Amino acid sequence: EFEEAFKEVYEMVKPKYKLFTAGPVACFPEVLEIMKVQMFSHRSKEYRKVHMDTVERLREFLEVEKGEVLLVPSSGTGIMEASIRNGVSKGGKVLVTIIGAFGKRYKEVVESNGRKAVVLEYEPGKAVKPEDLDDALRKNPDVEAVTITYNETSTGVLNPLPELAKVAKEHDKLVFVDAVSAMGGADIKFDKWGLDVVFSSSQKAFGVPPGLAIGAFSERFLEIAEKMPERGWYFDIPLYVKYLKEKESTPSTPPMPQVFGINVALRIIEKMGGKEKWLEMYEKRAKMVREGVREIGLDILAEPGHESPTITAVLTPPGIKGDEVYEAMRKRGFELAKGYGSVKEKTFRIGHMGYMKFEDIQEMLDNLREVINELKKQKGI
């Protein structure tokens, strides 16, 4: 009846580019289709069934048996905040490992919530070393938890989580993991690696629209949380666990479309053969992108052996800014990602998450080569 109301907004949001973004990312058509289904009550038997099926699929995917998996109505950073209000004493110290922009965000989340942050920082492109963590924990024995950015989206680096988590546990510390750009793209074995908190978002490796956060919490974390004073209501983890058990839903209204979308995404992974084959696909995309930029004669930021399977930070040739590549590719129909953080000018990024065909990547790379050559000639280099 109000076609024009729809058409007016469509003109602003209609598909314009082939997406190689850092999040949100291109969603699979099956996911987009479920996003338009009519709503109904989140307290209904119909919804409770879907909410729980999604949680079950995530417990399987994340290999969680002893801990709890929750769906939260917020972006991933919501659980980042939750980890601090629930698992660290007021004024308590947190050893925040920083290898990029999001490690810095965790620090801000720690401090803004009344906790203290002890930093172990590296230059963009480097990954945290287990030996340095052990060293840091040695001289900072009063810290209660350690945060690890599994996949640093600003640098295209994947931290060696298993080994880092091992070291943290040897010091009997809580392990908090920001896996926003890692979950669904890099493996996570929650119980086995001894993680206490891991969180992610719907709009990265899972290829679902933004609006939902996914969290997994250990028994150890939950025991501390239920006794943690003034942790609030919106991110009261024990409250969420109680609602999941009793009402098979969330305390407040959940982002239903995104939940349906994640369920579809999990079924897609199952259809293709399971988690292993899905992660294999991600590694093949990453490889193709890295090898492709290498052919063009460009270097990447990530140190060898720690390259991200979800995104690559490419260093621009001398005299060219990341923004210039971003804008030039857009004019050719390709949306990459601007550099982020302290390397925003010396790099641009290429995401390889969500709906992405190998042929589209190849086409993107051929256009990038021309963009690079043209910018060089343009500037006389």
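Residue indices: 1-based, along the sequence shown.
*Asks:* Mean Cα B factor from the PDB record: higher for 227-235, or higher for 295-303?
*Replies:* Stretch with the greater average CA B-factor: 295-303.
*Asks:* Given the B-factors recorded for C-alpha atoms, which segment has the greater mean, 22-30 or 326-334?
*Replies:* Higher of the two, by average CA B-factor, is 326-334.
*Asks:* Take the CA temperature factors straight from the PDB entry and tell me which of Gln38, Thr312, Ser41, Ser342 peaks.
*Replies:* Of the options given, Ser342 has the highest CA B-factor in the PDB entry.
*Asks:* Quiz for you: based on the deposited Cα B-factor, which of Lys204, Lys242, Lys271, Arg105 is highest?
*Replies:* Highest C-alpha B-factor among the listed residues goes to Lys271.
*Asks:* Mind checking which third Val64 falls in for C-alpha B-factor across the chain?
*Replies:* Answer is middle: the recorded C-alpha B-factor places it there.
*Asks:* How does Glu152 rank on Cα B-factor within its chain, lowest, middle or highest third?
*Replies:* Lowest third.
*Asks:* Within this chain, which third does the Cα B-factor at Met183 fall in: lowest, middle or highest?
*Replies:* Within its chain, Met183 is a lowest-third residue by C-alpha B-factor, going by the deposited values.
*Asks:* Sort the modelled residues of this chain by their C-alpha B factor and say whether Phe199 lands in the lowest, middle or highest third.
*Replies:* Answer is lowest: the recorded C-alpha B-factor places it there.
*Asks:* What third of the chain, by the recorded C-alpha B-factor, contains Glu283?
*Replies:* CA B-factor rank for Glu283: middle third.
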